[PDB]
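One chain follows as structure tokens, the form deposited in one PDB entry.
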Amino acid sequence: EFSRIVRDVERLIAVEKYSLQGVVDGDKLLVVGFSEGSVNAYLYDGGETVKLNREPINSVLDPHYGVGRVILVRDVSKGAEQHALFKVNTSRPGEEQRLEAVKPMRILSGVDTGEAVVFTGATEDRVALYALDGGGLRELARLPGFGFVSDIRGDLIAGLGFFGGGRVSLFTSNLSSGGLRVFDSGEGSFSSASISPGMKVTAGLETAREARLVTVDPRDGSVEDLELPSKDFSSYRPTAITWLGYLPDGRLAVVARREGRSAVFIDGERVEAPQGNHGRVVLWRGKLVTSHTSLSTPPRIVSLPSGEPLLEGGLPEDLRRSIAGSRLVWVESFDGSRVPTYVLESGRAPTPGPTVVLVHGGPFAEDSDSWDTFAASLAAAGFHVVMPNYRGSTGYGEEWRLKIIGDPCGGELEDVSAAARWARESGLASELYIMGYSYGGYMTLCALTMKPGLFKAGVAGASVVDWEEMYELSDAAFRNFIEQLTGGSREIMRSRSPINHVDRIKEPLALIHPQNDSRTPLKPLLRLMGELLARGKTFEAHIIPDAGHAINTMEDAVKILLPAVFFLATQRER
């Protein structure tokens, strides 16, 4: 029945998905949309979307309210994520002017004030904060690691820095003269940031098991808790902060979350919103607008508190019926920790039935009540889906997130393995598979090498294979992240690399990998194939042309997803 599968996977990939970016030109929404087979940028106003870009893009920079242009970010390296920036004047959609003062680099983030384009980027030798204005390009600061611009008000630039130990610092700079100041909390990590009318930095602070709001004065580094007019926020007791931002009327919008579902607050007061997860919030036409998604709702743009959709891709009825349910469960792991695990029940599988432990990437990411095309495709193909938030995940507090540091292929793998055991013991699973992309594919390899026999077969997509060789091929941002994750230990880099444990593998493995991935490079995957072959192991492989880690077309998504589904479907017929 592999042709009905191809049709489903294609349709699931093809459904339109929207992301809210801001408000530009004359009170028009700026949205990034996956539509017509690729990622594009649109203006929305009444009913007509207007396409701003020509060729597919990856993202746009964050515009200040009402600015008359959009800065596209586009990979100009066939997936290697050397990106260039292209200005589109909102009054002349489809006319792109490349910003040639900026040589290609990995663009990490940025904001457009209308007078300066401020962005962070990584090259081979550094990560930096840059400003481009009418006078040309300037390097404001070199950063100690991944950094992201959060907000600019006047000359004050605020951002978030991964500058050591897995922890997130706040940073500020000056638009006119550059420099850098770093603010490190001893309680936890800063999570989102926005500059108040008073020129203090409002930030989410994620502590051991909770999250709150703080005010940082960039002049003296003083921090204090921020109390809001309404106490709905406090009383919600979020674990994590998704996003926050000052609206143009001075009110503070915050999206915060717990147990994989978020809520929206304006000056601390709850605003009704559809169940699942939300993104940015903007004031448009004097009304509140956000993005929304859930496990059964592809990302869409909705009005609050109505919940009425402004932009939404429809899911076909027959596909909707493929997802028979979802649940959040707490799996007990090796040390007694409770692993929050999202479960998707297939309507096309019995119970007990074939079940895939689909391991998330990052590692600093989470499985949540948010749309997941891979999880949906598995349900449509007749597999239940188990999605464990292993230690290292976001969404459950700083202490759980930091447990991974210095211990890749250790406790987090136990968490994945405990989720696998739960799926069988709880009676959901008749047979067990493992699948993941990126850090998830790492986990597949680690499970098959370190836990032979636990799974029937594994799918490893865009995998980490060898920390040591990857390190040598990585840009400045990735080198630093590798050092942080591995705790700067060569012994960890080696012992936790599954290329060094190939002899232990006993289960069928499918490798899937984009040839131009600059994060998880193909080179070590070739050596892994060589090891599998020399040792007589069973394996299959699919390498995808002219694509990298970030997939921005339906054609590339099909090529990275379909083989995995075919492979698992074929395994299930054994």
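We call the rigid core the largest set of C-alpha positions that still match within 1.5 Å between the two forms. For every residue, the number given is its place in the sequence shown, counted from 1.
The discussion below concerns the form deposited in another entry, not included here.
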Legend entry - From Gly121, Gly204, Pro408, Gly159, residue displaced between the shown form and the other one - CA threshold 2 Å or more, rigid core: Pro408
Legend entry - Did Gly110 shift 2 Å or more between the shown form and the other one, C-alpha, core superposed: no
Inset, instruction - Compare the position of the CA of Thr290 between the shown form and the other one after a rigid core fit and state whether the shift reaches 2 Å. - result: no
Inset, instruction - Tell me, please, whether between the shown form and the other one the C-alpha of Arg519 is shifted by 2 Å or more, with the rigid core used for superposition. - result: yes
Legend entry - Direction of C-alpha distance change in that other deposited form, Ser150 to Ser393 (at least 3 Å): farther
Inset, instruction - Look at the CA atoms of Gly37 and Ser109: state whether they lie closer or farther apart in that other deposited form than in this form, given a difference of 3 Å or more. - result: closer
